[PDB]
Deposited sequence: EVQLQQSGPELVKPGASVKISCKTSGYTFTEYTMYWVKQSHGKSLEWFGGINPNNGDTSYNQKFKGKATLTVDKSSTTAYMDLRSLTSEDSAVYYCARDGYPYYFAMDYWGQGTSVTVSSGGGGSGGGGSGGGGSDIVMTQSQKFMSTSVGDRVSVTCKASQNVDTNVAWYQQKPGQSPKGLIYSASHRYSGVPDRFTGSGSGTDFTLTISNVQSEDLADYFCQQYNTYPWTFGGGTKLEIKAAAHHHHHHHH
């Protein structure tokens, strides 16, 4: 019964600070690394950093170096982020997300998000927009700058909703993902084929590499449906 429950929306005036939280339950807290993902202007996904709940080890994306501190509280199985001298950039939606290793690779469980208002590898997603009709086949490409051999994942963002993992390890489906989603690719170019497009498949589809830190996302591909 995995649950990642984050804190409520924070409205803070410029130059201040705020500490959002992610209260997990349903699994043994110390056994899975936790990540934070920032989603803002450009409507694209930015890996923020990770924390290992067992040793308190951290890794920070150096874009935001000094913008936040990552802590955990094993007493309440909670992950915290502490933001710092916010600007207008920092206004975004921050998700906490659980690394699936060793069972499912990448982020297999996400939180609802908290709306805060006030040699890197680059995943490139050619089309920012596609339109099919129900029952058609569609494919979505990402080109990685470097070699990332099968350490790629695909996510699904339905409107107003957190990303949900579809494909991990380039071609393997997460638990509960329909068969009409198949992942393909190796090395640098990867595709995501949605074979029998259903009504409910309207969404944004993001790729992500997890070959080295930091983790990096594509810009997304809106996919829009029409039929009558």
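Gaps between the deposited sequence and the modelled coordinates occur at 119 to 134, 245 to 253, listed in sequence order.
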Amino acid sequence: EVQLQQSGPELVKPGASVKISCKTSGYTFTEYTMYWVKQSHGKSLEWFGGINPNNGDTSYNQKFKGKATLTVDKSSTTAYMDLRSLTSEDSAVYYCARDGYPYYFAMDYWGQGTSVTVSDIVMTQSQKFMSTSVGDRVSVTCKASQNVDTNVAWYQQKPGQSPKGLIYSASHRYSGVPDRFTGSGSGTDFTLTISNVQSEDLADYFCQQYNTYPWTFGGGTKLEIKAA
From here on, numbers count along this sequence of modelled residues.
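Annotation for 178 to 186 versus 38 to 46: the higher mean temperature factor (C-alpha) is found in 38 to 46. Higher mean CA temperature factor between 137 to 145 and 96 to 104: 137 to 145, per the PDB entry. Highest CA B-factor among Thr71, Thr87, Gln157, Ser75, as stated in the entry: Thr87. Annotation for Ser17: CA B-factor lies in the highest third of the chain's modelled residues. For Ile225, the recorded CA B-factor ranks within the highest third of the chain. Only modelled residues enter the ranking. Per-chain ranking of the deposited C-alpha B factor places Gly66 in the highest third.
Among all modelled residues in its chain, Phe217 ranks in the middle third by Cα B-factor.
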